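# Breakdown of the fold
Below are the chains, spelled out letter by letter.
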2 protein chains.
Amino acid sequence: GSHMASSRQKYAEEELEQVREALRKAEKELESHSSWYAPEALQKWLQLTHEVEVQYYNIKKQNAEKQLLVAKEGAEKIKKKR
Amino acid sequence: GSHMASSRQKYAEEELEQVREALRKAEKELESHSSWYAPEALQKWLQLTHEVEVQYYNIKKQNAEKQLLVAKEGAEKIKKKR
């Protein structure tokens, strides 16, 4: 049968929150750290996070949109029951 | 003194990795889950992740750029010592 979403929904929620919050959390570190300001260490840290998150936003946004595209359609084509 | 980056660098690395990899990890779930395809549960899950990550990319990208802007300049203005 379909390994659907019930228990996995929690993992989805828990990780959704963890992923987004941890990213922002780390930015919170950077500001709380910028209270004293580090050299290239700080610069490199957030710069990597920034170039990575943006690079990844592009790949993941397109991925996500397409992944759900095929899933959304695929699911509502196959799931026609209650 | 400055609460600088040495031990915090590891937390930065560990969390940078955890944040980005967990987001992609969760996409991996979605595809491994789309192998069977869930209804609105799947749709809602990734759609939220997508709208959130993009909303947040915008806020965090601008934040990060400005946070390091002030930190980069501020730090290299203050840190002129070895």
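Before reading further, recall that the structure is shown in the block above.
Residues numbered from 1 in each chain as written, not as in the entry; some residues may be left out. Chains lettered and ligands numbered in written order. Heavy atoms only, no water.

## Description of the overall build of chain A
We count it as follows: Elements are defined by DSSP. Helices are runs of H or I of four residues or more, strands are runs of E of two residues or more, and each kind is numbered from the N terminus. As defined in this context, the radius of gyration uses C-alpha atoms, and a globule is described by 2.2 Å times the residue total to the power 0.38. Relative accessibility decides the category of a residue: with a 1.4 Å probe and only protein chains considered, values under 20% of the type maximum give buried, values over 50% give exposed, and everything between is partly exposed. With residues, only the protein chains shown are counted as cover, and all accessible areas are computed by Shrake-Rupley using a 1.4 Å probe. A positive count includes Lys and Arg, and a negative count includes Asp and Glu. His and the chain ends are not counted in either. Where a charge lies is defined by one atom per residue type: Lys uses NZ, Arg uses CZ, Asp uses CG and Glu uses CD.
In terms of regular secondary structure, chain A is built from two helices and zero strands. The C-alpha radius of gyration of chain A comes to 19 Å, more than 25% above the 12 Å expected for a compact globule of 82 residues. For chain A, the proportion of its 82 residues judged to be buried stands at 37%. A total of about 5200 Å² of accessible surface is found on chain A, and carbon and sulfur atoms cover 49% of it. Of the charged side chains in chain A, 16 are positive and 14 negative, and the gap between their average positions amounts to 11 Å.

## Some words on unusual backbone geometry
The residue A:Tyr37 is not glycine, and still its phi comes out positive at about 65 degrees. With respect to the helices and strands, the residue A:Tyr37 is situated in the loop between α1 (8–34) and α2 (40–78).

## Observations regarding the interface of chain A and chain B
Our working rule: Here, residues are in contact when the closest pair of their heavy atoms is within 4.5 Å. When two parts are put together, the accessible area they lose, computed with a 1.4 Å probe and summed over both, is reported as buried area. A pair is scored as a salt bridge if a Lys or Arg side-chain nitrogen falls within 4 Å of a carboxyl oxygen belonging to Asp or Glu. Think of it as three bins: nonpolar holds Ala, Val, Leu, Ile, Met, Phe, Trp, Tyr, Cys and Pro, charged holds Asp, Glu, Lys and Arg, and polar takes everything else, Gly as well.
Taken together, the 55 residues of chain A in the interface contact 55 residues of chain B. Across the interface of chain A and chain B, roughly 5200 Å² is buried in total on both sides, 66% from carbon and sulfur atoms. Interface area lost by chain A to chain B is led by A:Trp36, A:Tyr37 and A:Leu68, which between them contribute 12%. In this assembly, chain A and chain B are joined by six salt bridges. Those elements that place two or more of their residues in the side of chain A that touches chain B are α1 and α2 of chain A. Element by element, the count of residues in the side of chain A that touches chain B is highest for α2(A), at 28 residues. Here the side of chain A that touches chain B is composed, by residue class, of 27 nonpolar, 13 polar and 15 charged.

## Some details on the packing of α1(A) against helix α1 (residues 7–34) of chain B
Put simply, the rule reads: What counts as an axis is a line fitted to C-alpha atoms, over the stretch in contact for a helix, and the angles between N-to-C directions run from 0 to 180 degrees. By definition in this entry, angles of less than 35 degrees are roughly parallel, angles greater than 145 are roughly antiparallel, angles of 65 to 115 are roughly perpendicular, and the rest are oblique. Handedness of a helix crossing follows the sense of rotation of the near helix relative to the far helix, less than a right angle counterclockwise being left-handed and clockwise being right-handed.
With their axes 9 Å apart at the nearest point, α1(A) and α1(B) run at an angle of 155 degrees to one another. The angle between α1(A) and α1(B) places the two elements in the roughly antiparallel class. In this structure, α1(A) crosses over α1(B), and the sense of that crossing is left-handed. Every residue of α1(B) that contacts α1(A) at A:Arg8, A:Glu15, A:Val19, A:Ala22, A:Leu23, A:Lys25, A:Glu29 and A:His33 is listed here: B:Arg8, B:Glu15, B:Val19, B:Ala22, B:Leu23, B:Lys25, B:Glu29 and B:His33. For the contact of α1(A) with α1(B), a count of residues per class yields six nonpolar, two polar and eight charged.

## A word on the environment of B:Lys10
Within the secondary structure, B:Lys10 is located in helix α1. Judged by its relative accessible area of 44%, B:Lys10 falls in the partly exposed class.

## Some words on the relation of the copies chain A and chain B
Formally: Remark: copies superposed by least squares on C-alpha atoms.
For these two chains of identical sequence, chain A goes onto chain B by a turn of 180 degrees and a shift of 0.0 Å along the axis, with RMSD 0.1 Å. These values place the two chain copies in the arrangement generated by a two-fold rotation axis. Relative to the rotation axis, the closest C-alpha in chain A is found at A:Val19, a distance of 2.5 Å.

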